[PDB]
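Undergrad: Here is the input, now give the coordinates:
(one chain, ligands or ions: 2)
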Amino acid sequence: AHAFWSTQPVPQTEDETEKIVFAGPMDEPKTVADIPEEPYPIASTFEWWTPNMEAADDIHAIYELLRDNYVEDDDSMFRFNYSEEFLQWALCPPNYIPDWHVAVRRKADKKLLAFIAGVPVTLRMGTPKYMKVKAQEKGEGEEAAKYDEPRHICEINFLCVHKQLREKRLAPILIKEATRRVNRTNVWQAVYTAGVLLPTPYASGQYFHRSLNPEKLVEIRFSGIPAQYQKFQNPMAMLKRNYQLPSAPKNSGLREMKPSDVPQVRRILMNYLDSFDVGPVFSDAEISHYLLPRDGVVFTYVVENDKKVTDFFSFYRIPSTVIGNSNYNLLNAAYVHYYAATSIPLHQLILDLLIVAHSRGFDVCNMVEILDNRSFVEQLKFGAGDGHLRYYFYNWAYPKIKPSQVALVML
Ligand SMILES: CCCCCCCCCCCCCC(=O)SCCNC(=O)CCNC(=O)[C@H](O)C(C)(C)COP(=O)(O)OP(=O)(O)OC[C@H]1O[C@@H](n2cnc3c(N)ncnc32)[C@H](O)[C@@H]1OP(=O)(O)O
Ligand SMILES: CCN(CC)Cc1cccc(-c2cc(Cl)c(S(=O)(=O)Nc3c(C)nn(C)c3C)c(Cl)c2)c1
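TA: Numbering: from 1, shown residues only. Ligands and ions are numbered 1, 2, ... in the order given. Find the structure here:
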């Protein structure tokens with residue numbers, strides 16, 4: 001049983017999600033005036049806080065909570081170490097609503113105890129193509145297309161409760177208060193991901209990893225040495241050779257994205273993202289924010305030929321604290337962000353990603369099997385990992401889709 005999730009406008013079982021045919025809301029329609037204006041009650045030793053995302057010391061405070069208390073692997077060997085710069089970037093996109101950043105502090109000393117963050121996203125989330133087809137056969141086209149237009153909704157990330165405060169039901173309260181603040185801005189849907197199984201995902205995808213620095217990955221035990229590499233003399237030289245990469249990209253006309261590329265990148269990205277059932281819609285400003293390079297945070301390259309941007313790729317950095325080793329403090333991981341190819345095969349574009357990530361000192365490259373990420377797995381030597389990223393809507397009935405019909409990257 002789910003004492004909290006059973007009370008919420010989400011599908012409640014796998015069975016329920018498989019019978020859904022049309023996209024649409026679940027809840028009673030409400031209005032801003034229906035929503036309580038006062039924050040949800042919490043115990044008297046705690047207070048609600050709205051962090052200022054431009055205050056270095058507020059960012060710092062959130063940074064520390066997440067450094068010590070955020071997502072770990074199942075064997076507690078790694079914990080995410082999102083940087084302060086990464087957090088300002090993720091939390092403060094264009095037109096972000098400060099009130100959507102929800103923190104609980106200890107009233108006495110103002111120690112931060114819990115955090116949840118919401119940012120705006122414009123998302124296509126209408127009935128998926130296959131169901132739309134089936135609806136025409138059945139005569140229900142107008143029903144299937146009712147919510148086809150991109151919607152301005154909330155993207156929830158960064159939910160974290162301090163380890164000292166776990167299992168005290170503080171997360172339900174955080175989610176209720178975030179929901180209140182979002183509803184009071186006339187927004188009624190949300191999208192979120194989790195590694196855990198909650199009621200109920202509309203999509204699920206496995207994680208994939210590409211060793212860039214296998215000696216380190218083996219030392220820290222992210223990776224194992226293959227059983228077949230044992231029947232060799234010095235297996236470490238063999239593993240290194242297996243994963244080796246050119247020192248420089250193979251596409252002539254690859255360079256870093258610059259501000260003037262914004263319109264062309266937006267155009268080729270939107271064309272590509274348009275073919276997926278679930279995907280974001282970006283303005284020029286959002287393309288600038290989410291894709292222009294920032295030191296230590298986001299790395300973006302375009303292929304330009306004849307003065308035309310024909311392809312691009314992006315990746316971003318999230319180091320993980322290595323909990324148990326001594327020789328190493330950090331895993332430096334690059335994550336496949338957005339991309340688009342028109343002039344070359346995807347596998348050839350993404351090799352350049354690997355090449356750049358490797359020469360800049362990253363240890364591994366990570367991705368979930370959304371977009372067309374599967375198309376390059378075998379040739380670029382990515383392996384499936386333990387992780388499964390699940391995708392969820394709050395207050396939105398949506399049929400079950402393959403992860404290759406998802407075009408939304410979560411930070
Ligand atoms: C329209 C606007 C709507 C906006 C809201 C949209 C929904 C937002 C949803 C949030 C999207 C988050 C997206 C991400 O960031 S997912 C990443 C979540 N973060 C972490 O895992 C960091 C490390 N862990 C922790 O900090 C805590 O253990 C957390 C905070 C995760 C749980 O704290 P704690 O261990 O102290 O437990 P509790 O006693 O307070 O509460 C127990 C209840 O919480 C349910 N639970 C456990 N894990 C999750 C989870 N990842 N999403 C949603 N619910 C979760 C659980 O089923 C139970 O409910 P029920 O089973 O009794 O019913
Ligand atoms: C990214 C956070 N949010 C995005 C919104 C999603 C999310 C949520 C839940 C779990 C995952 C996830 C991610 C990765 Cl990248 C891996 S991993 O690489 O192999 N191993 C690993 C390492 C190196 N460090 N950590 C901390 C772990 C878990 C694994 Cl298991 C799980 C991701």
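Undergrad: Buried residues, the strand or helix carrying residue 215. List them.
TA: Per DSSP states H and E: residue 215 is located in helix 214-219. By neighbour count on 16 or more other CB atoms under 10 Å, the buried set for helix 214-219 is 214, 216, 217, 218. Using the backbone N, CA and C atoms, a C-beta is placed for each residue, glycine as well.
Undergrad: how far away is the last one from residue 240?
TA: With the distance defined as CB to CB, to the nearest Å, residue 218 ends up 10 Å from residue 240.
Undergrad: Could you tell me which residues touch both of the two?
TA: Common neighbours of residue 218 and residue 240, using CB atoms under 8 Å, 6 or more residues apart in numbering, do not exist here.
Undergrad: what secondary structure does the residue of the chain positioned farthest from its centre sit in?
TA: Largest separation from the mean C-alpha position in the chain: residue 233, at 41.2 Å (CA atoms, centre = their mean). The local conformation at residue 233, judged by DSSP: H, G, I helix; E, B strand; the rest coil, is coil.
Undergrad: So what does it look like in phi/psi?
TA: Main-chain dihedrals, residue 233, degrees, to the nearest 10: phi -80, psi -70.
Undergrad: thinking again about what came up before, for the buried residues of helix 214-219, please prepare CSV with the additional fields distance to ligand 1.
TA: As requested, these are arranged in CSV below (distance: CB to the nearest ligand atom, whole Å):
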residue, distance to ligand 1
214, 28
216, 25
217, 23
218, 27
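Undergrad: just checking, what packs against the next helix or strand after the helix holding residue 215?
TA: Counting by DSSP H and E, the element after helix 214-219 in chain order, helix or strand, is helix 227-230. Counting contacts by 3 or more CB pairs under 8 Å, 6 or more residues apart in numbering; DSSP states H and E, helix 227-230 is packed against helix 235-243.
Undergrad: Just the helices from this structure, written as ranges.
TA: 14-19, 56-69, 84-91, 129-137, 141-145, 170-183, 214-219, 227-230, 235-243, 262-273, 284-291, 346-359 (DSSP state H).
Undergrad: Those helices: which one's closest to residue 319?
TA: helix 84-91 (9.2 Å; CB to CB).
Undergrad: I'd like the buried residues of helix 214-219 laid out as a markdown table, including distance to residue 336.
TA: Formatted as a markdown table, the buried residues of helix 214-219 follow (distance: CB to CB, whole Å):
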| residue | distance to residue 336 |
| --- | --- |
| 214 | 19 |
| 216 | 20 |
| 217 | 17 |
| 218 | 22 |
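Undergrad: Tell me which residue of the stretch 151-300 of the chain lies closest to ligand 2.
TA: Ranked by CB to the nearest ligand atom, the top residue of the stretch 151-300 of the chain for proximity to ligand 2 is residue 195, at 2.7 Å.
Undergrad: Isn't that residue up against residue 71?
TA: Yes: counting by CB atoms under 8 Å, residue 195 touches residue 71, with 6.9 Å between them.
Undergrad: ok, those two, which is more surrounded?
TA: residue 71 (17 against 13; other CB atoms under 10 Å).
Undergrad: ok, and the closest non-adjacent residue to that one?
TA: Residue nearest to residue 71 in three dimensions, not counting chain neighbours: residue 80, with 5.3 Å by CB to CB, 6 or more residues apart in numbering.
Undergrad: quick one: that neighbour from residue 387, how far?
TA: 12 Å.
Undergrad: Please apply the same query to residue 406.
TA: Counting by CB to CB, the gap from residue 406 to residue 387 is 16 Å.
Undergrad: For ligand 2, what's the nearest residue on the stretch 1-150 of the chain?
TA: Closest point on the stretch 1-150 of the chain to ligand 2, by CB to the nearest ligand atom, is residue 78, at 3.5 Å.
Undergrad: Enumerate the beta-bridge partners assigned to the residue lying closest to that residue once chain neighbours are set aside.
TA: Closest residue to residue 78 apart from its sequence neighbours, by CB to CB, 6+ apart: residue 320 at 4.3 Å. Bridge pairing for residue 320 (DSSP bridges) gives the partners residue 80, residue 331.
Undergrad: Hmm, residue 77 and residue 320 touching each other?
TA: No: counting by CB under 8 Å, residue 320 does not reach residue 77; the two are 9.1 Å apart.
Undergrad: can you pull the contacts of the closest residue to ligand 2 within the stretch 301-411 of the chain?
TA: As assessed by CB to the nearest ligand atom, ligand 2 sits closest to residue 387 within the stretch 301-411 of the chain, at 3.2 Å. Going by CB under 8 Å, 6+ apart, residue 387 touches 195, 206, 207.
Undergrad: Distance check, the residue of the stretch 151-300 of the chain closest to ligand 2 against residue 204.
TA: Distance from residue 195 to residue 204, by CB to CB: 10 Å.
Undergrad: got any residues that touch both of those two?
TA: 388, 389, 390.
Undergrad: about what we covered before: am I right that the residue nearest to residue 71 is in contact with residue 317?
TA: No: here residue 80 does not reach residue 317: they are 11.4 Å apart, not a contact under CB under 8 Å.
Undergrad: out of those two, which sits in the busier spot?
TA: residue 317 (22 against 18).
Undergrad: Contacts only, for that one.
TA: 83, 86, 296, 297, 298, 299, 332, 333, 334, 335, 362 are the contacts of residue 317 under CB under 8 Å, 6+ apart.
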